[PDB]
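Number of protein chains: 8
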Amino acid sequence: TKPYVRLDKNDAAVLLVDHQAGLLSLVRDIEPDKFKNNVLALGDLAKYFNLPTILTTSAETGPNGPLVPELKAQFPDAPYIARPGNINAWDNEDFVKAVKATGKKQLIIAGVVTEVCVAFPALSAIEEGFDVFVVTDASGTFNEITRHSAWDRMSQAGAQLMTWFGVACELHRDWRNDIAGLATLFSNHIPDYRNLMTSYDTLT
Amino acid sequence: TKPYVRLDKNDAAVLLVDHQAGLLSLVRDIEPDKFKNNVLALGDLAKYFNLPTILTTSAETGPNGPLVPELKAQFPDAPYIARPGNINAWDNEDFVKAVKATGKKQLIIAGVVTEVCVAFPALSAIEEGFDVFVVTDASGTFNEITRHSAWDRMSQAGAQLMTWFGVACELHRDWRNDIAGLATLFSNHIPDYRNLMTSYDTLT
Amino acid sequence: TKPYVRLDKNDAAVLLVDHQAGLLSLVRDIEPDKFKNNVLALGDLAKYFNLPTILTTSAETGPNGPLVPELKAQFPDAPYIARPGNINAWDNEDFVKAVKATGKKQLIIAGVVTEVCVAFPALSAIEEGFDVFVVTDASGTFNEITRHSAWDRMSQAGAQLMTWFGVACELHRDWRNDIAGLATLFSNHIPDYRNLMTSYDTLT
Amino acid sequence: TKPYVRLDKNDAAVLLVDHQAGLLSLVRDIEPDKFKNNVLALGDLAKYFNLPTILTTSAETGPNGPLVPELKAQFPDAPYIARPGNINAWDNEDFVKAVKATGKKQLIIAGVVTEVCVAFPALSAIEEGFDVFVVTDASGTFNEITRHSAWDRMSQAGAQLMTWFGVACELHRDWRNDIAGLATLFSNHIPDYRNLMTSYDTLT
Amino acid sequence: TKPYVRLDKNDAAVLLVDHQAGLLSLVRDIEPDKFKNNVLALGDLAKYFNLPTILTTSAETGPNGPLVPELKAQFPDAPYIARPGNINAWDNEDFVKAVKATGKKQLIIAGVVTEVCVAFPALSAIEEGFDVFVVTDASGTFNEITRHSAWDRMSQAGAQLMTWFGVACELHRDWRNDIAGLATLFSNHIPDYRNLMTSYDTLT
Amino acid sequence: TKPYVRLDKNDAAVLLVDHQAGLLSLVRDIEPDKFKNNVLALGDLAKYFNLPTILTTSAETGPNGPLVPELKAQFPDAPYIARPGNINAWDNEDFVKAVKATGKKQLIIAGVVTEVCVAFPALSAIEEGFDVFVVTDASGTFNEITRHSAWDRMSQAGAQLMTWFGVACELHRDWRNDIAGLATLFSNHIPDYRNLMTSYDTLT
Amino acid sequence: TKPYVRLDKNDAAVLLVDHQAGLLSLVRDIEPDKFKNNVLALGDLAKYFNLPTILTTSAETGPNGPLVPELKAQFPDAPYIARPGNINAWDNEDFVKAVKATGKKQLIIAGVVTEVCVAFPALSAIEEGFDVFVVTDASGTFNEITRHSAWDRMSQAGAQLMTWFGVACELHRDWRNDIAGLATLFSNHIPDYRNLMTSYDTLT
Amino acid sequence: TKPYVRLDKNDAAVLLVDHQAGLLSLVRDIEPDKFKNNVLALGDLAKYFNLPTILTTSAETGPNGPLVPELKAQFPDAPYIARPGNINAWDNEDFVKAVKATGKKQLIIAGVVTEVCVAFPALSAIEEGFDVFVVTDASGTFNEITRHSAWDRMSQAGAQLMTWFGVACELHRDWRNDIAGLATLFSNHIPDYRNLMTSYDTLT
């Protein structure tokens with residue numbers, strides 16, 4: 152029937168679009184403590200799984216502000232495309248070149264705002280033949296209407312809507328591949344899971 | 152794959168349907184301060200991008216009331232079709248004529264109520280072969296159920312659900328085309344963005 | 152493109168499924184004051200537009216309770232199928248016979264609970280070739296999850312999700328067909344509209 | 152048109168995935184009192200309808216914890232696959248073997264978390280040709296975003312989204328098949344229905 | 152300890168302040184169907200218990216609009232003070248004179264907006280020595296912040312916050328005083344109670 | 152300063168007012184699964200701590216319905232006052248005589264609806280000198296406005312607003328008094344605690 | 152009884168504390184469109200009623216940012232105290248001296264964040280003998296918990312919780328004092344009122 | 152008037168009650184990411200201001216679980232009272248002796264669950280003459296009803312309801328006392344503030 156097009160840690164690249172200091176103030180559909188944790192979780196999983204990662208920003212030398220320091224620090228050697236004008240990152244030639252240079256068929260995309268910086272390149276990438284996976288809990292926007300309208304638009308085009316924990320699990324496939332590593336990622340980003348670990352660890 | 156059918160500032164017309172004084176009191180799915188800002192934002196972007204715009208009202212000489220003054224004042228030369236009876240604007244011959252006279256393939260539609268004044272002509276237009284883009288945050292209705300039911304119906308038919316900021320960004324494409332102009336539109340309609348500008352401006 | 156399959160007052164029948172006194176206590180996804188008004192609005196529009204209407208109940212001589220008095224009183228000559236056991240009304244031969252006897256291609260369906268008494272016959276009817284329109288604001292269920300899951304299932308099958316005011320507007324098409332009649336229906340079921348009428352009437 | 156692919160009590164198996172003590176603490180999209188009742192309702196209906204049932208857990212000898220006692224106690228002879236590493240149950244050979252051994256075409260799936268333990272095997276099963284029915288109110292996850300993203304993904308693939316009461320009704324088809332039995336299931340899991348029964352019973 | 156200052160049907164007057172057609176459009180803290188039902192319930196109970204009732208409006212010949220027709224029709228002989236400018240009804244001499252002429256110590260107050268038309272006269276009345284009971288569910292305002300701030304202010308001054316059903320029960324005291332009358336009031340304004348009545352009646 | 156007037160298991164009585172099958176359908180401020188669990192938790196703790204308990208109903212032979220079976224079954228020897236007309240239970244002589252016969256200074260009260268069946272007797276009791284503790288999560292009403300207004304009124308009079316778990320902990324004081332007993336109460340009424348217990352037990 | 156301590160336009164001063172561009176990004180308990188409108192409404196009413204107004208900022212030459220431009224522009228001659236370190240404005244000598252120099256007994260306070268920049272000086276002022284009125288809808292903070300805790304603290308101390316429209320009406324007292332002026336204030340800050348005005352005006 | 156009883160960094164002690172790994176799973180009134188951040192923020196501010204801090208746990212060798220690792224690690228020399236049975240920490244002699252040994256008049260309290268582990272000792276402390284400040288956003292419970300009922304009870308007794316950021320600002324008083332220190336605390340626990348800092352720093 153419909154094939155299950157699942158994330159393959161050897162055929163996926165991560166695109167982090169415009170998670171900038173100024174732009175994050177516009178994010179109100181997901182509260183800040185949760186949003187910050189989710190964005191950092193996504194960066195950590197990209198690093199953990201060793202997925203080619205591409206960073207891009209929009210007019211960072213203005214109100215939009217610089218890329219949040221964590222991402223910059225975490226991916227010092229990753230392609231960093233500071234777009235001076237193109238709103239849709241896919242319209243930037245350097246950006247597309249970097250994406251295609253990863254040689255990956257699957258693109259895991261997250262950024263701000265959801266309906267512009269994520270949706271535009273997601274739609275462009277789908278037209279180009281890529282398998283697109285949107286991390287909806289690591290992408291932010293004005294409110295639930297701007298968010299849900301974007302979800303509808305991306306889903307309609309064929310984008311798979313996923314969340315960071317789901318992304319990590321589909322990529323990892325098996326705990327035995329590295330229990331401690333995945334457990335650390337989860338403990339660092341899911342207070343409830345960390346608590347379960349604490350109790351289990353002190354008891355055993 | 153699925154082509155990205157994106158807004159083209161040279162191939163799009165804006166249809167503002169029944170944003171009337173009386174009818175706005177029926178809008179309860181989007182709070183008034185946000186709704187007013189969004190509707191005015193849509194009018195401002197239509198003017199900014201110079202998109203052929205069509206205004207229409209339903210039984211304005213009754214409880215429905217007159218078109219909100221801002222729109223009337225902003226588009227004094229635009230086609231203004233006061234429909235005496237047709238609920239679906241597409242059933243009004245003058246309305247369809249005005250729409251087709253714009254010569255635009257893409258129609259950006261917003262109005263009240265979402266499930267009637269927006270959905271009916273959106274569905275009619277899709278049947279006629281137009282590419283329809285619904286501005287969900289500049290369209291209002293009774294509640295979330297009447298709204299979401301309409302979204303489902305329009306999406307099912309092929310309408311692209313968008314929000315005003317997304318619409319502006321897809322139309323503009325590149326900041327460099329006119330930075331100050333887009334920045335002004337954003338500053339006037341996004342308090343958070345205006346604040347970022349204020350801080351940046353006083354510092355630089 | 153996709154044809155706009157709109158309600159035709161001459162080709163539509165209304166199916167009111169299990170709006171029973173006991174069963175209404177299970178409805179918690181739509182608050183009671185709004186739900187009661189919406190159900191009565193649907194009955195009033197069915198009567199106003201003279202649409203063949205079919206009433207049905209499930210094990211009414213038990214906890215489920217009798218059909219709410221208003222509907223019984225409003226459609227004294229309509230087919231009334233008290234199903235002794237079949238959960239999906241479409242599984243009741245008398246019910247299907249009554250539906251087909253209306254000779255109508257379009258079926259406007261509402262009832263309780265949304266995911267069972269509305270969804271089951273809606274899906275059965277779609278398989279039989281009928282054009283189905285679900286009145287989502289006149290159908291009730293346990294909570295938003297049971298509701299939204301049902302919406303997804305019905306939409307997936309091809310059901311058009313609509314709300315009562317939208318249904319009335321698509322059926323009427325033109326105010327001039329009978330202004331006072333439609334205005335009365337609206338005034339009786341939309342407090343906000345009634346208020347607009349009051350102000351307009353005392354002023355003119 | 153689209154066939155109504157409805158649950159058949161003779162052609163359906165139930166898969167209960169990772170409803171573990173530790174993992175249930177991660178469920179925050181559905182409040183605990185409702186979630187517990189729903190999960191137990193699903194187990195009770197599986198038992199009532201005599202549907203082949205498969206239990207599976209993920210790294211139960213760790214923070215994830217043991218399967219909740221109720222399920223273990225209710226299905227002592229059911230296949231119980233304690234997966235030591237595979238996140239997607241479908242990747243476990245014993246699990247798939249047990250599923251296929253039931254000889255059932257329809258799979259009713261529920262578990263935690265929705266977007267991983269339910270979605271992954273649901274998608275895998277759809278690819279294998281099974282008719283999948285997801286019990287959305289007996290599956291739990293972090294929040295509404297992780298949940299709704301998963302719903303979109305499963306629906307997109309062809310999964311039918313259902314809720315436990317709907318599942319029971321589609322399976323039973325007719326009250327007369329066993330009134331007391333279904334009534335007991337409902338009374339035990341729907342406080343509102345139990346109240347209707349109490350009043351009716353004391354009066355009659 | 153603190154005395155229970157309860158409503159006495161022989162020492163209470165009802166003040167209905169500014170429930171006008173225009174002003175009701177400003178009420179967004181309580182949805183319209185519920186609000187309409189609650190206001191009409193309060194009018195019905197005032198009439199039922201034969202309580203001296205005072206109607207008052209603010210600049211009714213302007214955007215504020217006329218008093219909702221039902222109240223005017225229900226209390227044709229009640230004092231009706233059309234205030235031409237005084238915002239706080241207590242500042243209008245005719246209004247205060249009317250309140251004092253009732254000879255009642257207890258004042259049941261409701262109106263729109265709650266923080267102005269209800270709060271101002273309630274605070275004035277408390278200063279004057281009256282026992283004030285505010286009907287919070289028959290008073291409307293902009294949002295929950297304007298509402299809750301007013302509740303705090305009124306409660307801080309000593310006003311007793313009540314809701315229409317509670318008001319009716321405190322006034323009635325005993326069902327046996329007139330079962331049918333109170334039952335009718337409840338049936339007409341509480342859909343859930345009406346349903347209970349329908350089931351009970353058809354069975355007995 | 153202000154003395155901590157805490158629950159004393161030897162000086163407290165429990166008043167369960169009108170938790171009737173019909174009346175529970177009116178409870179919409181607290182969802183049914185949680186509400187049922189909370190009411191049964193209060194009944195369980197009253198039995199566990201051997202507190203003198205008084206059951207009372209209002210017009211049970213009518214739409215209001217019988218007392219929920221569990222309470223009747225749990226307190227077979229408790230005073231059971233079927234009030235034929237008095238809305239405020241304190242106005243019923245048998246009720247007050249029973250309360251006073253317990254000899255308890257502290258009264259733990261819960262019932263439906265909170266603003267009438269709980270608030271009225273609570274206010275009456277406070278006037279009489281009793282220390283009143285309202286169990287807000289085992290008392291139900293129409294919505295949050297009817298609930299919060301009642302809380303304000305009760306708190307204003309001096310009632311202490313508590314919830315069942317807090318009630319249990321304040322009465323118990325020390326785990327060591329009977330660990331297993333309190334643990335069982337908690338396990339039976341708090342799914343999260345039960346899960347903690349399951350994991351801990353299987354591990355130790 | 153308790154005196155109604157109402158706003159007197161001749162004995163009130165307005166304190167606008169820290170409505171800075173940077174600090175406004177921290178405000179998430181009230182959405183931005185509404186918040187901006189409310190802050191500007193308060194500034195407009197302060198100017199309209201000619202109330203002595205005091206502007207103050209905290210570390211404006213840093214992340215906190217400059218005062219929003221509108222307030223600066225609207226009150227060019229008002230005392231403007233840039234506090235270099237004192238968090239509670241009352242601890243700044245110039246600030247207190249300015250407040251006392253107004254000679255006003257009543258202080259209308261608003262600012263960000265509500266639990267610090269508003270609450271601290273409000274509590275200080277109350278201790279000093281001033282009558283404090285907090286504008287809760289023109290004060291912003293992190294979330295509803297930080298907000299409601301502050302309301303509790305301020306109310307507990309004796310502050311009167313008000314909202315901008317209520318503030319305007321209490322100060323104005325009578326429409327006839329200047330109908331057009333108050334009407335303009337309302338029209339500019341309440342979309343629903345503006346709509347009422349539009350319909351009324353076009354009709355008359 | 153009422154004195155402003157403000158936090159004094161030299162006369163305040165911090166009581167962290169039962170923030171245990173198991174018990175945190177019961178916290179559902181505040182989402183986990185925010186709750187974790189708030190608890191860690193309170194621990195950080197207690198350490199920053201060098202306030203005598205007391206850690207206490209309830210039956211930690213059981214389902215309740217161990218104290219979250221961060222608090223243990225942050226306060227290695229703080230009194231740590233493992234209570235073997237006393238639910239209200241004030242009933243534990245070592246606990247009270249430790250509180251009194253600090254010599255502090257003001258007690259900043261936080262813990263889980265708010266209506267038991269925080270409320271009980273807060274009420275006990277108030278009776279003993281202490282000035283109690285409850286950190287409502289670093290205290291967790293089952294839901295909003297259990298939370299708000301506790302707030303009411305604590306406030307009624309005289310406790311001051313505060314939140315961590317407010318606590319930090321009231322203790323600090325002046326930025327100049329140590330700008331970098333307070334800024335770091337804020338940056339580490341308020342993503343919005345951190346973003347403001349990032350933009351400001353890169354620009355200056």
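Chains as they are written, first to last, in this note's numbering: chain A, 152 to 355; chain B, 152 to 355; chain C, 152 to 355; chain D, 152 to 355; chain E, 152 to 355; chain F, 152 to 355; chain G, 152 to 355; chain H, 152 to 355. Every residue, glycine too, gets a C-beta built ideally from N, C-alpha and C.
Straight-line CA distance for residue i to residue j?
{"i": "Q257 (chain G)", "j": "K160 (chain G)", "result": "9 Å"}
{"i": "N346 (chain D)", "j": "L175 (chain F)", "result": "8 Å"}
{"i": "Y344 (chain D)", "j": "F337 (chain D)", "result": "7 Å"}
{"i": "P217 (chain A)", "j": "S209 (chain A)", "result": "9 Å"}
{"i": "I205 (chain A)", "j": "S275 (chain A)", "result": "16 Å"}
{"i": "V318 (chain F)", "j": "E244 (chain F)", "result": "28 Å"}
{"i": "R234 (chain D)", "j": "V263 (chain C)", "result": "41 Å"}
{"i": "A289 (chain F)", "j": "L193 (chain F)", "result": "7 Å"}
Could you have a look at residue i and say whether DSSP puts it in helix, strand or coil?
{"i": "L191 (chain F)", "result": "helix"}
{"i": "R298 (chain C)", "result": "helix"}
{"i": "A270 (chain E)", "result": "helix"}
{"i": "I238 (chain C)", "result": "coil"}
{"i": "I260 (chain H)", "result": "strand"}
{"i": "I181 (chain B)", "result": "coil"}
{"i": "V283 (chain G)", "result": "strand"}
{"i": "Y351 (chain D)", "result": "helix"}
{"i": "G291 (chain F)", "result": "strand"}
{"i": "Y155 (chain C)", "result": "coil"}
Quick one: residues in its chain with C-beta nearer than 6 Å to the C-beta of residue i, no 5 flanking neighbours on either side, listed in chain order?
{"i": "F246 (chain G)", "result": "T207, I232, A240"}
Within a Cβ cutoff of 8 Å, which residues of the same chain sit near residue i, ignoring the five residues on either side of it in sequence?
{"i": "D162 (chain B)", "result": "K255, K256, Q257"}
Item to check | the segment 156-188 of chain G: positions lying closer than 8 Å to chain A by Cβ | outcome: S176, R179, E182, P183
Checklist entry - Taking a cut of 8 Å between CB atoms, which residues from the segment 227-255 of chain H lie near chain G? => result Within the segment 227-255 of chain H, no residue has a Cβ lying closer than 8 Å to any Cβ of chain G.
Next on the checklist: Beta carbons nearer than 8 Å to chain A: which residues of the segment 258-273 of chain D have them?
Outcome noted: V264, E266, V267, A270, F271
Next on the checklist: Short of 7 Å Cβ to Cβ, which residues in the segment 271-302 of chain F face chain H?
Outcome noted: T287, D288, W302
Next on the checklist: Along the segment 309-327 of chain A, where does the CB come closer than 8 Å to a CB of chain D? Name the residues.
Outcome noted: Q311, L312, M313, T314, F316, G317, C320, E321, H323, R324, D325, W326, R327
Checklist entry - Going along the segment 203-225 of chain D in order, which residues come within less than 9 Å of chain A, judged by CB to CB distance? => result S209, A210, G213, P214, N215, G216
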